[PDB]
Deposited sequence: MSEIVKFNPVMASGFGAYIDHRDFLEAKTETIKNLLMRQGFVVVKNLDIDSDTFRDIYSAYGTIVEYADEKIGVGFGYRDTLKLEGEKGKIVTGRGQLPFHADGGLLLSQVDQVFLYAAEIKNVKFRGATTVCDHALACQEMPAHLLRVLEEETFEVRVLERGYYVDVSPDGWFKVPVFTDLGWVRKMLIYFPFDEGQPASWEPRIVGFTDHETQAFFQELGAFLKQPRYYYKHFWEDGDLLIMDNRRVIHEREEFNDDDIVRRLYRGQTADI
C-alpha cells in the first residue's frame, strides 16, 4: 500500500493534481487506486511520446479498443479532423466512455501531444456525478433514477441504464444532446417525455452539473496528461471550431 503526493483539484477535496516526477515514480496500482476516489488525475509537464503513453496506460488493465478486434486499435488520435464528430472539432456533450459488458471502460487517458492558438476554447471538462446526485433537487434525481433513457446513433433507439450500481459508486452512463449547431453523433430521448420536456430536463441538469462544486474545466497545454476513472465521473469536450487551433490529443482506454 503505497502513497502518492497529490493536491485536490476541487474545493470539496475531489480530483488530484500530481507532480510529473511523483506520477512517473508511482506504481500503476497507486494511481489506479487513487482514481477510484479522486475521479480524475491531472499531471502537467510530462514530455512523452505515443509509445511511452501506451506503456503508461496499458499497465492499468486490458486495453479497450476503439470484422472484430486484435489489440491493434489501441491509441486514438483526436486531432480535430474536419468532417468528423468524435475526432472532430465540435462539442462532445456530457457522456461517459464505452458501454456495458465487454465494451466497458474503467479508465480513460488523454495526453496532449500538440496544443497551439487556443487558450479559452476546447476544454475537456469533468463532472463529479456522485456528489452532484447526492445534492441535486430530488425532481432532477427522480428522472435519472426512474425513467427510461434511450439513445440513437445519428428502432435505431436503444436503452442506456443511467445507473449501474458498483457499490462504491453508481457508475453513470448518459448521453446529453449536442448543442444546436454542433455536429451530433448521437441523440437522446426519455420514454414518455416529450421533446420539450427532454430538452428542458437536459438543460436544467446540465446547468446543475456544471456548477463549480462539481465541474472541472481543463484547458489544454503540451505535456498535460488527464486520467479519468470512467465510472466515477462523466465528461465533455467543449467546442474548438476555429481553424487556427491545433489540438492533438492521444486517447487510451482500459478495463478489468
Query raised in the report: What portions of the deposited sequence, indexed from 1, have no corresponding C-alpha atom in the structure?
Result: 1, 68 to 72, 161 to 170, 273
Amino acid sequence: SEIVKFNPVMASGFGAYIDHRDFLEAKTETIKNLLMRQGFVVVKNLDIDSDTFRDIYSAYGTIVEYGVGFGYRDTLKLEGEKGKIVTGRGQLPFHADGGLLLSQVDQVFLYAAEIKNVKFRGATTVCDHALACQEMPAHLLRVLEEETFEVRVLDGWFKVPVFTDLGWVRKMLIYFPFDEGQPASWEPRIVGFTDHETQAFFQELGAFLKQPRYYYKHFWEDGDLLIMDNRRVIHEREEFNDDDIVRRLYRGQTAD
From here on, numbers count along this sequence of modelled residues.
Query - Between the two ranges 107 to 115 and 75 to 83, the one averaging a larger CA B factor in the entry - result: 75 to 83
Query raised in the report: As stated in the PDB record, which stretch has the larger average Cα B-factor, 47 to 55 or 213 to 221?
Result: 47 to 55
Requested in this report: Can you pull the Cα B-factors for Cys127, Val143, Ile174, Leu102 from the entry and say which is highest?
Outcome: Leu102
Requested in this report: Taking the chain's C-alpha temperature factors as the reference, tell me which third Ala123 falls into: lowest, middle or highest.
Outcome: lowest
Report summary line: Of the three thirds of Cα B-factor ranks in this chain, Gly61 occupies the middle
Query raised in the report: If you rank the chain by CA B-factor, which third does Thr254 end up in: lowest, middle or highest?
Result: middle
Query raised in the report: What third of its chain, lowest, middle or highest, does the C-alpha temperature factor of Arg21 fall into?
Result: highest
Report task. Rank-wise, by C-alpha B-factor, drop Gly69 into the lowest, middle or highest third of its chain. Result -> highest
